[PDB]
Amino acid sequence: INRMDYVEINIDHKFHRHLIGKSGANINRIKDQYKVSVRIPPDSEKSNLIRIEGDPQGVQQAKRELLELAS
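What counts as what
Residues numbered from 1 in each chain as written, not as in the entry; some residues may be left out. Heavy atoms only, no water. Helix = DSSP H or I, 4+ residues; strand = E, 2+ residues; numbered from the N terminus. Pairing = 2+ DSSP bridges. Axes fitted to C-alpha atoms, helices over the stretch in contact; angles between N-to-C directions. Salt bridge = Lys/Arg side-chain N within 4 Å of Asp/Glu carboxyl O. Buried < 20%, exposed > 50% of the residue type's maximum accessible area, 1.4 Å probe, protein only.

1. Thoughts on the environment of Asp-5
Relative to the helices and strands, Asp-5 is located in strand β1 (residues 5-11). The spacing of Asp-5 and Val-36 is 31 residues in sequence and 9.7 Å in space, taken between C-alpha atoms.

Written as structure tokens, this is what we have:
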């Protein structure tokens, strides 16, 4: 049942809405640039955690990239 790598980045401030602008585009910028599966969960349970899953270095790279540079 699936065999990909995943990982979430801890977030707080309104990074989601800011990352997905009004509708959402940045999500594609990475997912397409790093060939990964980045997703912005529209929730706020104490601590936010953006979903990031792929396979190659693109997932671990784009993961550390967003958490660090965050575009």
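After that view, the rundown keeps rolling.
2. Considerations on the sheet that holds strand β2 (residues 37-39)
With antiparallel pairing, the three strands of this open sheet are ordered in space as β1-β3-β2. Each having just a single partner strand, β1 and β2 make up the two edges of the open sheet. Strand-to-strand twist in this sheet, taken as the mean axis angle between neighbours without regard to direction, amounts to 20°. The sheet contact formed by β2 and strand β3 (residues 48-54) spans three bridges and is antiparallel.

3. Remarks on the pattern of salt bridges
A side chain of one charge can pair with a side chain of the opposite charge if their charged atoms are brought near each other. In total, this model carries one salt bridge according to the counting rule given. Across the pair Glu-68 and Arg-64 runs a salt bridge, and its minimum N-O distance is 3.9 Å. Residue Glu-68 and its partner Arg-64 are located together in helix α3 (residues 57-68), separated by four residues, close to a single helical turn. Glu-68 gets classed as exposed once you look at its relative accessible area, which sits at 54%.

No statement about biological role is implied by the geometric values presented.
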